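To begin, one chain is listed below as structure tokens, in the form deposited without (3-chloropropyl)benzene (LT1).
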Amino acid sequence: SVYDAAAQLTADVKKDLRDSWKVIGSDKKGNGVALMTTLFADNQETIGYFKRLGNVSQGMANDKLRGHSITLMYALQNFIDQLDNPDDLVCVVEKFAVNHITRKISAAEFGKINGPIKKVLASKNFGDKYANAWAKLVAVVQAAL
């Protein structure tokens, strides 16, 4: 149930998501690439999914990876903006899942993003509390996969 998962986003969780997002969301290009490069470093077994992006080890220098990384941050921007209305949050998460489902990305696969997020947050001085909050948002997406 995606709705039950969204119900886990309590007042405190939503507050922490916004506070952290105010910082990491201000530099979508920088933090977006950092998130992807950390994913490829910690989970090399996922690189096979981004073969269209060429040599992802190039990081910021790869124009295809940079385009994907920036675009990725706008999906998160969308989720944060829908935190007030769970009905809209759910419909945008299901729309989001469509393409990832077509790519055969399973919930187990997607959950691997939690590590990179925790590390990116940490580099910006955000601790456990914030990593946990984001883990709850990702859970909503997983329930839709």
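The numbering used is simple: start at 1 and walk along the sequence shown.
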Pick between 129-137 and 5-13: the one whose mean CA B-factor in the entry is higher. 5-13
88-96 versus 36-44 - which carries the larger mean C-alpha B factor in the record: 36-44
From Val120, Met60, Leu76, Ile113, residue of greatest CA B-factor: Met60
Could you look up the Cα B-factor of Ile101 in the entry and say which third of the chain it sits in: lowest, middle or highest? middle
Among the modelled residues of this chain, does the Cα B factor of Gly67 put it in the lowest, middle or highest third? lowest
Third assignment of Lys28 from its chain's C-alpha B-factors: lowest
Assigned third (lowest, middle, highest) for the C-alpha B factor of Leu83: middle
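The protein also exists as the form solved in complex with (3-chloropropyl)benzene (LT1); that form is not presented, and the subsequent description refers to it.
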Taking a heavy atom within 4.5 Å as contact, would all three of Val2, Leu9 and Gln82 count as contacting (3-chloropropyl)benzene (LT1) in the deposited complex? no
Applying a 4.5 Å heavy atom distance criterion, does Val13 contact (3-chloropropyl)benzene (LT1) in the deposited complex? no
Taking heavy atoms and a 4.5 Å cut-off, does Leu89 contact (3-chloropropyl)benzene (LT1) in the deposited complex? no
Could you tell me if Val56 has a non-hydrogen atom within 4.5 Å of (3-chloropropyl)benzene (LT1) in the deposited complex? no
Sequence-ordered list of residues in 75-106 near (3-chloropropyl)benzene (LT1) in the deposited complex, where near means a heavy atom within 4.5 Å: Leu76
